[PDB]
């Protein structure tokens, strides 16, 4: 790692509270002073790497930040700055003020003690979420990333309820092996060919996308609840897939069934999902999407 214009002074960052454990260590909510032009102060998420990490891991932490330097998508959580001089090393992100998509959906259940007094997501809101997630994933696919970790908990929710992909889903290649499958990669979100032969492609991400939609419409229940990890592996490898949540919108169901095609070739691409959903989204969508951008080539 070598510093550049992404270097941000430590003293600019004030930390406010722990948000939770990220893949590398504790993530914090904070404030950053003069980190974006036209803004005195910016609400940030600050990633850290925890004490127990090897030097190799510490370098891997910064390399992840390095990769996000080349991402400018409204529907992927963006990097704001890096504090690399001295320890602790800090990776500064746009804050996603409504948390991960899984916890956000759980807050919307009838029986949630942390319920914001708002109704569960409308069909309209759900479709918007889908196109947003799909647009972020399309960007990553164009950048040549296979995510491998698409799940509601890995997607974030902004202040204005925009949903973004938290990261490019960076995993060491070893976690793709049969030992770890049957590990950091979640078997309840995995395509049958990934489960079978460790094939991870943009098509297997589409399968995981379908599970996200299932999480959206079940308000983040656990996929295949009542089955063990061994039972899911077989069930899914034999041609099985999730039942539709009670009174799930038919439009979302049709989207999930497209994703859960056994033959990867028969599944949609992320651009195709955005295309399928594009004609009834928020008027701001074309202005911010990768789909409608000059970069979508």
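Numbering follows the first chain given and starts at 1.
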Here the number of deposited-sequence residues unresolved in the coordinates between residue 78 and residue 79 is none
Mean CA B-factor: is it higher for 167-175 or for 98-106? 167-175
Relative to the other modelled residues in the chain, which third contains the C-alpha temperature factor of residue 160: lowest, middle or highest? middle
In terms of the CA temperature factor given in the entry, to which third of its chain does residue 136 belong: lowest, middle or highest? lowest
Would you mind ranking residue 153 by its C-alpha B-factor against the rest of the chain and naming the third, lowest, middle or highest? middle
Compared with the other modelled residues in the chain, in which third is the CA B-factor of residue 238? lowest
Here the Cα B-factor of residue 74, set against its chain, lands in the third termed middle
